[PDB]
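A short write-up of the structure that comes next.
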Amino acid sequence: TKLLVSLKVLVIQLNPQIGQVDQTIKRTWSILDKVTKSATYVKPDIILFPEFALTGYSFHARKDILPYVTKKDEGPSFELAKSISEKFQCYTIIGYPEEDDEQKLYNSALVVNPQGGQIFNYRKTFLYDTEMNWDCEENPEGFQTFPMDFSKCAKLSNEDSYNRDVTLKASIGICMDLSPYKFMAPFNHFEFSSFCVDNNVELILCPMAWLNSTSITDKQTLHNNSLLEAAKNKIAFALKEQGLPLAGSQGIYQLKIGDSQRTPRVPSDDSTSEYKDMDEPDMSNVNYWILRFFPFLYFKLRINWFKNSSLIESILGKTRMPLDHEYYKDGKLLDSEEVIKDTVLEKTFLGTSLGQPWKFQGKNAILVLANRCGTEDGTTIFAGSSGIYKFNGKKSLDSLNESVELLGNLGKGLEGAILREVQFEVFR
């Protein structure tokens with residue numbers, strides 16, 4: 001049974017600085033107000049915020065993030081998402097620093113239903129270097145899926161109106177989650193994107209604090225004072241040329257609400273990575289983000305892989321999580337006498353299953369990326385470029401691949417919001 005779904009997705013792109021929570025929240029309401037006043041405005045069904053959307057990201061010590069940590073059902077970020085969900089009758093997902101009853105710190109993203117109550121709270125599974133500064137904990141449950149009850153969004157292919165309800169299988173990934181584990185794991189693993197293919201995720205939500213390539217990540221540079229001081233000046237000039245403060249743009253909102261302007265398919269070159277053109281998206285990262293969702297992309301060589309059975313040992317050998325992850329402190333292949341369960345036949349490697357060359361073929365999935373913009377510590381330039389994508393499964397490792405639809409993107413250095421009417425199909 002096919003089921004056409006029309007989802008109205010809104011993405012908020014912010015430039016939060018540490019210590020400006022009230023100011024950021026105030027700017028957020030300013031953005032949302034401007035959105036509703038758009039000529040082509042329509043009420044969103046789901047609103048996504050970036051990673052640590054209100055508090056800032058670059059925390060250097062545990063004591064520095066402590067004044068901004070909250071419980072999953074308490075604090076500014078929760079009340080914000082709650083008020084938004086009650087004012088727009090929508091789902092609201094926002095990234096926030098979390099503290100539980102056991103006084104453990106997480107990099108989390110809470111979800112609030114239209115009734116103004118949280119239904120889920122995802123924690124960051126793969127941690128970035130900055131998380132180590134305040135001793136962030138890995139998600140003990142690893143990658144997770146959760147249902148989202150959408151009303152008046154679904155319809156049969158014969159019907160002329162989306163009057164039916166649909167429970168979409170959603171999944172949240174945060175920044176590093178897309179990257180290989182600790183930047184050490186093989187590139188071909190594609191942990192998060194494979195997880196979504198394995199568990200048949202229909203809606204993918206990604207709050208991000210993703211970086212622009214011009215940022216300083218060299219470890220020997222950061223810990224060499226004369227090298228670091230010389231490195232900071234290179235970034236300061238790039239922001240000064242663009243007529244912006246060192247922290248980046250704030251208060252000036254780029255709005256793409258209701259339009260259907262798609263993002264041009266562009267291959268990655270030496271110019272697409274430069275930090276210029278604030279209203280334009282970082283196509284170097286856009287292409288990279290798409291590449292990290294390889295199992296959703298069409299790849300011609302999958303036929304040769306399936307008939308020669310090259311990935312069978314990889315599929316059967318594939319574990320749920322990396323063996324040294326927090327996931328394997330609680331939970332726990334043959335070729336024996338045990339039968340093959342359905343979950344095994346759902347497992348994939350490089351988008352290939354045991355029964356299909358390309359498992360996702362014929363399916364639809366929606367990718368929503370909320371990435372922050374701006375600059376922190378005078379070393380870290382966030383890529384912004386928030387956007388919405390669609391994997392059609394119809395039969396190039398970048399945006400040139402037409403198995404993914406670029407439904408729109410925001411600027412790489414401007415606060416703002418993008419709304420898109422997303423249409424796709426599921427199966428019930």
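Ordering of the structure tokens sets the chain letters (A, B, ...); residue numbers start at 1 within each chain; ligands are numbered from 1 in the order shown.
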
Each residue of region 291-400 of chain A with at least one atom at most 12 Å from region 174-189 of chain A should appear once, together with its nearest atom pair and the corresponding distance in Å (one decimal); atoms considered: only C-alpha atoms; ordering: chain, then increasing residue number; output as JSON lines.
{"residue": "A:291", "atom": "CA", "partner": "A:178", "partner_atom": "CA", "distance": 9.9}
{"residue": "A:292", "atom": "CA", "partner": "A:178", "partner_atom": "CA", "distance": 6.3}
{"residue": "A:293", "atom": "CA", "partner": "A:178", "partner_atom": "CA", "distance": 8.1}
{"residue": "A:294", "atom": "CA", "partner": "A:188", "partner_atom": "CA", "distance": 8.8}
{"residue": "A:295", "atom": "CA", "partner": "A:188", "partner_atom": "CA", "distance": 9.9}
{"residue": "A:311", "atom": "CA", "partner": "A:188", "partner_atom": "CA", "distance": 11.6}
{"residue": "A:314", "atom": "CA", "partner": "A:189", "partner_atom": "CA", "distance": 9.7}
{"residue": "A:315", "atom": "CA", "partner": "A:189", "partner_atom": "CA", "distance": 10.6}
{"residue": "A:317", "atom": "CA", "partner": "A:189", "partner_atom": "CA", "distance": 11.8}
{"residue": "A:318", "atom": "CA", "partner": "A:189", "partner_atom": "CA", "distance": 9.0}
{"residue": "A:319", "atom": "CA", "partner": "A:189", "partner_atom": "CA", "distance": 10.7}
{"residue": "A:320", "atom": "CA", "partner": "A:189", "partner_atom": "CA", "distance": 11.3}
{"residue": "A:321", "atom": "CA", "partner": "A:181", "partner_atom": "CA", "distance": 9.6}
{"residue": "A:322", "atom": "CA", "partner": "A:181", "partner_atom": "CA", "distance": 7.6}
{"residue": "A:323", "atom": "CA", "partner": "A:181", "partner_atom": "CA", "distance": 10.7}
{"residue": "A:324", "atom": "CA", "partner": "A:181", "partner_atom": "CA", "distance": 10.0}
{"residue": "A:325", "atom": "CA", "partner": "A:181", "partner_atom": "CA", "distance": 9.1}
{"residue": "A:348", "atom": "CA", "partner": "A:189", "partner_atom": "CA", "distance": 9.9}
{"residue": "A:349", "atom": "CA", "partner": "A:189", "partner_atom": "CA", "distance": 7.1}
{"residue": "A:350", "atom": "CA", "partner": "A:188", "partner_atom": "CA", "distance": 6.6}
{"residue": "A:351", "atom": "CA", "partner": "A:189", "partner_atom": "CA", "distance": 10.0}
{"residue": "A:352", "atom": "CA", "partner": "A:189", "partner_atom": "CA", "distance": 11.8}
{"residue": "A:368", "atom": "CA", "partner": "A:174", "partner_atom": "CA", "distance": 11.4}
{"residue": "A:369", "atom": "CA", "partner": "A:174", "partner_atom": "CA", "distance": 9.5}
{"residue": "A:370", "atom": "CA", "partner": "A:174", "partner_atom": "CA", "distance": 9.6}
{"residue": "A:371", "atom": "CA", "partner": "A:175", "partner_atom": "CA", "distance": 8.4}
{"residue": "A:372", "atom": "CA", "partner": "A:175", "partner_atom": "CA", "distance": 10.6}
{"residue": "A:382", "atom": "CA", "partner": "A:175", "partner_atom": "CA", "distance": 11.4}
{"residue": "A:383", "atom": "CA", "partner": "A:175", "partner_atom": "CA", "distance": 11.5}
{"residue": "A:384", "atom": "CA", "partner": "A:175", "partner_atom": "CA", "distance": 11.9}

Using only C-alpha atoms, find each residue in region 202-310 of chain A having at least one atom no more than 12 Å away from region 97-121 of chain A; report its shortest atom-to-atom pair and that distance in Å (one decimal), rows by chain then rising number, as JSON lines.
{"residue": "A:205", "atom": "CA", "partner": "A:109", "partner_atom": "CA", "distance": 10.2}
{"residue": "A:206", "atom": "CA", "partner": "A:109", "partner_atom": "CA", "distance": 9.6}
{"residue": "A:207", "atom": "CA", "partner": "A:109", "partner_atom": "CA", "distance": 7.8}
{"residue": "A:208", "atom": "CA", "partner": "A:109", "partner_atom": "CA", "distance": 10.5}
{"residue": "A:209", "atom": "CA", "partner": "A:107", "partner_atom": "CA", "distance": 11.5}

Write the residues of the preceding selection, restricted to N, CA, C and O atoms, as a PDB file, in the first residue's frame.
ATOM      1  N   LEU A 205      16.746  13.868  10.340  1.00  0.00           N
ATOM      2  CA  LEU A 205      16.901  15.215  10.878  1.00  0.00           C
ATOM      3  C   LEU A 205      18.304  15.415  11.440  1.00  0.00           C
ATOM      4  O   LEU A 205      18.750  14.651  12.297  1.00  0.00           O
ATOM      5  N   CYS A 206      18.994  16.446  10.967  1.00  0.00           N
ATOM      6  CA  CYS A 206      20.385  16.649  11.349  1.00  0.00           C
ATOM      7  C   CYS A 206      20.692  18.063  11.830  1.00  0.00           C
ATOM      8  O   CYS A 206      20.999  18.946  11.028  1.00  0.00           O
ATOM      9  N   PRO A 207      20.605  18.282  13.149  1.00  0.00           N
ATOM     10  CA  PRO A 207      21.114  19.514  13.759  1.00  0.00           C
ATOM     11  C   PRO A 207      22.638  19.518  13.715  1.00  0.00           C
ATOM     12  O   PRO A 207      23.254  18.541  14.144  1.00  0.00           O
ATOM     13  N   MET A 208      23.240  20.585  13.200  1.00  0.00           N
ATOM     14  CA  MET A 208      24.684  20.587  12.992  1.00  0.00           C
ATOM     15  C   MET A 208      25.400  21.856  13.435  1.00  0.00           C
ATOM     16  O   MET A 208      24.831  22.947  13.451  1.00  0.00           O
ATOM     17  N   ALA A 209      26.666  21.680  13.794  1.00  0.00           N
ATOM     18  CA  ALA A 209      27.603  22.779  13.956  1.00  0.00           C
ATOM     19  C   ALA A 209      28.797  22.487  13.054  1.00  0.00           C
ATOM     20  O   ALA A 209      29.951  22.557  13.480  1.00  0.00           O
TER      21      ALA A 209
END

For this session: Record the distance separating CA of residue 306 (chain A) and CA of residue 142 (chain A), expressed in Å with one decimal.
Result: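 So the two atoms, CA of residue 306 (chain A) and CA of residue 142 (chain A), lie 28.6 Å apart.
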
Exercise. When distances are computed from only C-alpha atoms, which of A:53, A:156, A:290, A:170 shows the smallest separation from residue 405 (chain A)?
Worked result: A:290

For this session: Just the alpha helix (DSSP H) stuff from region 130-246 of chain A, please, per backbone DSSP, written as an MDAnalysis selection string.
Result: chainID A and resid 191:198 219:222 225:241

Kindly export the residues of the current selection with N, CA, C and O atoms, as an mmCIF file, in the first residue's frame.
data_model
loop_
_atom_site.group_PDB
_atom_site.id
_atom_site.type_symbol
_atom_site.label_atom_id
_atom_site.label_comp_id
_atom_site.auth_asym_id
_atom_site.auth_seq_id
_atom_site.Cartn_x
_atom_site.Cartn_y
_atom_site.Cartn_z
ATOM 1 N N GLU A 191 28.447 4.846 8.948
ATOM 2 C CA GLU A 191 27.699 4.370 10.113
ATOM 3 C C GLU A 191 26.253 4.862 10.181
ATOM 4 O O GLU A 191 25.319 4.058 10.180
ATOM 5 N N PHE A 192 26.071 6.177 10.236
ATOM 6 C CA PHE A 192 24.749 6.759 10.441
ATOM 7 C C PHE A 192 23.813 6.539 9.256
ATOM 8 O O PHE A 192 22.657 6.151 9.433
ATOM 9 N N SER A 193 24.308 6.794 8.050
ATOM 10 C CA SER A 193 23.483 6.652 6.856
ATOM 11 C C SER A 193 23.100 5.193 6.623
ATOM 12 O O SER A 193 22.018 4.908 6.110
ATOM 13 N N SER A 194 23.982 4.274 7.003
ATOM 14 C CA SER A 194 23.684 2.850 6.894
ATOM 15 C C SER A 194 22.625 2.452 7.913
ATOM 16 O O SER A 194 21.762 1.621 7.631
ATOM 17 N N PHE A 195 22.698 3.051 9.097
ATOM 18 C CA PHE A 195 21.721 2.802 10.149
ATOM 19 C C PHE A 195 20.314 3.178 9.694
ATOM 20 O O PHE A 195 19.347 2.475 9.986
ATOM 21 N N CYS A 196 20.211 4.290 8.973
ATOM 22 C CA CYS A 196 18.923 4.772 8.488
ATOM 23 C C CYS A 196 18.381 3.888 7.373
ATOM 24 O O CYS A 196 17.173 3.687 7.261
ATOM 25 N N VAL A 197 19.281 3.360 6.551
ATOM 26 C CA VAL A 197 18.896 2.436 5.493
ATOM 27 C C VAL A 197 18.482 1.093 6.088
ATOM 28 O O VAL A 197 17.479 0.504 5.680
ATOM 29 N N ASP A 198 19.257 0.626 7.064
ATOM 30 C CA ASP A 198 18.980 -0.637 7.742
ATOM 31 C C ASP A 198 17.615 -0.629 8.423
ATOM 32 O O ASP A 198 16.842 -1.577 8.292
ATOM 33 N N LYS A 219 46.214 20.108 14.615
ATOM 34 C CA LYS A 219 46.520 19.989 16.038
ATOM 35 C C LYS A 219 47.854 20.624 16.420
ATOM 36 O O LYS A 219 47.992 21.179 17.511
ATOM 37 N N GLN A 220 48.835 20.541 15.528
ATOM 38 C CA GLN A 220 50.142 21.130 15.793
ATOM 39 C C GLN A 220 50.081 22.650 15.694
ATOM 40 O O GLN A 220 50.875 23.352 16.318
ATOM 41 N N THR A 221 49.132 23.150 14.908
ATOM 42 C CA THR A 221 48.936 24.589 14.762
ATOM 43 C C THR A 221 48.283 25.181 16.009
ATOM 44 O O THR A 221 48.704 26.224 16.510
ATOM 45 N N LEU A 222 47.258 24.500 16.510
ATOM 46 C CA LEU A 222 46.522 24.962 17.680
ATOM 47 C C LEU A 222 47.394 25.020 18.931
ATOM 48 O O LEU A 222 47.213 25.889 19.783
ATOM 49 N N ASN A 225 51.823 28.444 19.688
ATOM 50 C CA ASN A 225 51.290 29.790 19.885
ATOM 51 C C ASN A 225 51.575 30.770 18.745
ATOM 52 O O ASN A 225 50.723 31.594 18.406
ATOM 53 N N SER A 226 52.767 30.684 18.163
ATOM 54 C CA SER A 226 53.121 31.575 17.061
ATOM 55 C C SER A 226 52.492 31.102 15.756
ATOM 56 O O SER A 226 52.199 31.912 14.871
ATOM 57 N N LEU A 227 52.266 29.794 15.649
ATOM 58 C CA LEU A 227 51.571 29.233 14.501
ATOM 59 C C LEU A 227 50.077 29.522 14.596
ATOM 60 O O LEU A 227 49.421 29.781 13.588
ATOM 61 N N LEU A 228 49.550 29.471 15.815
ATOM 62 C CA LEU A 228 48.137 29.734 16.061
ATOM 63 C C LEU A 228 47.801 31.207 15.851
ATOM 64 O O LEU A 228 46.777 31.540 15.251
ATOM 65 N N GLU A 229 48.666 32.083 16.353
ATOM 66 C CA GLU A 229 48.469 33.523 16.220
ATOM 67 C C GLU A 229 48.515 33.950 14.757
ATOM 68 O O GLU A 229 47.791 34.854 14.340
ATOM 69 N N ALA A 230 49.371 33.292 13.983
ATOM 70 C CA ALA A 230 49.480 33.567 12.557
ATOM 71 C C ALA A 230 48.289 32.980 11.810
ATOM 72 O O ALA A 230 47.909 33.465 10.745
ATOM 73 N N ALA A 231 47.702 31.934 12.382
ATOM 74 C CA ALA A 231 46.575 31.249 11.760
ATOM 75 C C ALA A 231 45.268 32.013 11.966
ATOM 76 O O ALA A 231 44.393 32.005 11.099
ATOM 77 N N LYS A 232 45.145 32.673 13.114
ATOM 78 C CA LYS A 232 43.952 33.455 13.424
ATOM 79 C C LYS A 232 43.813 34.662 12.501
ATOM 80 O O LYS A 232 42.705 35.023 12.103
ATOM 81 N N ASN A 233 44.940 35.280 12.161
ATOM 82 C CA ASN A 233 44.941 36.459 11.299
ATOM 83 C C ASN A 233 44.439 36.153 9.890
ATOM 84 O O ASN A 233 43.912 37.032 9.208
ATOM 85 N N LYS A 234 44.602 34.908 9.458
ATOM 86 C CA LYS A 234 44.138 34.496 8.139
ATOM 87 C C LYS A 234 42.612 34.470 8.077
ATOM 88 O O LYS A 234 42.018 34.751 7.035
ATOM 89 N N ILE A 235 41.985 34.137 9.201
ATOM 90 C CA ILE A 235 40.531 34.057 9.285
ATOM 91 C C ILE A 235 39.909 35.441 9.474
ATOM 92 O O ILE A 235 38.872 35.755 8.882
ATOM 93 N N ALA A 236 40.558 36.266 10.290
ATOM 94 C CA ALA A 236 40.089 37.621 10.565
ATOM 95 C C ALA A 236 39.968 38.456 9.291
ATOM 96 O O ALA A 236 39.046 39.260 9.153
ATOM 97 N N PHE A 237 40.902 38.258 8.367
ATOM 98 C CA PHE A 237 40.899 38.991 7.106
ATOM 99 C C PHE A 237 39.760 38.538 6.198
ATOM 100 O O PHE A 237 39.155 39.348 5.495
ATOM 101 N N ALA A 238 39.470 37.240 6.221
ATOM 102 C CA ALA A 238 38.425 36.669 5.378
ATOM 103 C C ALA A 238 37.043 37.156 5.798
ATOM 104 O O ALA A 238 36.125 37.221 4.981
ATOM 105 N N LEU A 239 36.903 37.494 7.075
ATOM 106 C CA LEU A 239 35.644 38.008 7.604
ATOM 107 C C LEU A 239 35.562 39.523 7.462
ATOM 108 O O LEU A 239 34.475 40.089 7.332
ATOM 109 N N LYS A 240 36.719 40.174 7.485
ATOM 110 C CA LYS A 240 36.784 41.622 7.351
ATOM 111 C C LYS A 240 36.454 42.044 5.923
ATOM 112 O O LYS A 240 35.842 43.088 5.700
ATOM 113 N N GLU A 241 36.860 41.223 4.959
ATOM 114 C CA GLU A 241 36.582 41.485 3.551
ATOM 115 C C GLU A 241 35.085 41.434 3.265
ATOM 116 O O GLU A 241 34.572 42.176 2.425
#

For this session: Please run DSSP on the backbone and report, as a count of residues only, all residues within region 208-401 of chain A that come out as strand (DSSP E).
Result: 21

Exercise. Skipping near chain neighbours, those fewer than 4 positions away, what residues fall within 7 Å of region 34-46 of chain A using only C-alpha atoms, listed as JSON, numbers by chain?
Worked result: {"A": [7, 8, 9, 10, 30, 88, 90, 91, 92, 257, 258, 259]}

For this session: Would you kindly return, as a PyMOL selection string, each protein, DNA or RNA residue with an atom no farther than 8 Å from any atom of residue 424 (chain A), considering only C-alpha atoms and excluding same-chain residues fewer than 5 positions away?
Result: chain A and resi 4-6+364-366+392

Put those residues in a file: N, CA, C and O atoms, as a PDB file, in the first residue's frame.
ATOM      1  N   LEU A   4       1.169   8.643  -0.325  1.00  0.00           N
ATOM      2  CA  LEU A   4       1.790   9.925  -0.637  1.00  0.00           C
ATOM      3  C   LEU A   4       1.768  10.852   0.576  1.00  0.00           C
ATOM      4  O   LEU A   4       0.733  11.025   1.219  1.00  0.00           O
ATOM      5  N   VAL A   5       2.919  11.442   0.884  1.00  0.00           N
ATOM      6  CA  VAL A   5       3.041  12.328   2.034  1.00  0.00           C
ATOM      7  C   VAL A   5       3.527  13.713   1.614  1.00  0.00           C
ATOM      8  O   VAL A   5       4.477  13.841   0.843  1.00  0.00           O
ATOM      9  N   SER A   6       2.860  14.747   2.116  1.00  0.00           N
ATOM     10  CA  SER A   6       3.280  16.121   1.870  1.00  0.00           C
ATOM     11  C   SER A   6       3.622  16.807   3.187  1.00  0.00           C
ATOM     12  O   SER A   6       2.736  17.140   3.976  1.00  0.00           O
ATOM     13  N   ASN A 364      11.562   6.339  -0.785  1.00  0.00           N
ATOM     14  CA  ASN A 364      11.768   7.770  -0.595  1.00  0.00           C
ATOM     15  C   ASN A 364      12.216   8.075   0.827  1.00  0.00           C
ATOM     16  O   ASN A 364      11.795   7.417   1.778  1.00  0.00           O
ATOM     17  N   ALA A 365      13.075   9.079   0.964  1.00  0.00           N
ATOM     18  CA  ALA A 365      13.539   9.524   2.272  1.00  0.00           C
ATOM     19  C   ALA A 365      13.877  11.007   2.228  1.00  0.00           C
ATOM     20  O   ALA A 365      14.426  11.500   1.241  1.00  0.00           O
ATOM     21  N   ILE A 366      13.545  11.720   3.298  1.00  0.00           N
ATOM     22  CA  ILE A 366      13.766  13.160   3.341  1.00  0.00           C
ATOM     23  C   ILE A 366      14.886  13.520   4.305  1.00  0.00           C
ATOM     24  O   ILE A 366      14.881  13.103   5.465  1.00  0.00           O
ATOM     25  N   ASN A 392      15.190   9.911  -3.891  1.00  0.00           N
ATOM     26  CA  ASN A 392      14.066   9.353  -4.635  1.00  0.00           C
ATOM     27  C   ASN A 392      14.196   7.857  -4.904  1.00  0.00           C
ATOM     28  O   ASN A 392      13.203   7.177  -5.161  1.00  0.00           O
TER      29      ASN A 392
END

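Atom pair CA of residue 381 (chain A) / CA of residue 217 (chain A) has a distance of 10.6 Å (rounded to one decimal).
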
Exercise. So which one's closest to residue 374 (chain A), A:14, A:406, A:136, A:25? Using only C-alpha atoms, please.
Worked result: A:14

For this session: Would you please work out which residue, of A:253, A:210, A:68, A:275, is nearest to residue 12 (chain A) when using only C-alpha atoms?
Result: A:253

Problem set entry | Selected residue, from A:330, A:122, A:31, A:413, that lies nearest to residue 243 (chain A) when counting only C-alpha atoms | A:413

For this session: Considering only C-alpha atoms, return as a PyMOL selection string whatever protein or nucleic-acid residues lie within 6 Å of residue 407 (chain A), sequence-local ones (same chain, fewer than 2 positions apart) excluded.
Result: chain A and resi 262+388-389+405

Requested write-out: N, CA and C atoms of the selected residues, as a PDB file, in the first residue's frame:
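Writing the result to result-v3.pdb gives the following:
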ATOM      1  N   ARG A 262      15.393  25.587  -6.325  1.00  0.00           N
ATOM      2  CA  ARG A 262      16.267  24.466  -6.012  1.00  0.00           C
ATOM      3  C   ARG A 262      17.729  24.896  -6.041  1.00  0.00           C
ATOM      4  N   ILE A 388      17.244  21.314   2.673  1.00  0.00           N
ATOM      5  CA  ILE A 388      16.381  20.142   2.660  1.00  0.00           C
ATOM      6  C   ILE A 388      16.641  19.318   1.403  1.00  0.00           C
ATOM      7  N   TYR A 389      16.784  18.008   1.575  1.00  0.00           N
ATOM      8  CA  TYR A 389      17.103  17.122   0.464  1.00  0.00           C
ATOM      9  C   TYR A 389      16.134  15.947   0.402  1.00  0.00           C
ATOM     10  N   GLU A 405      17.425  14.896  -4.530  1.00  0.00           N
ATOM     11  CA  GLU A 405      16.870  16.181  -4.935  1.00  0.00           C
ATOM     12  C   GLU A 405      17.243  17.274  -3.942  1.00  0.00           C
TER      13      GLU A 405
END

For this session: Determine the nearest neighbour of residue 360 (chain A) from the options A:144, A:163, A:130, A:200, counting only C-alpha atoms.
Result: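 Comparing A:144, A:163, A:130, A:200 against residue 360 (chain A), the winner is A:200.
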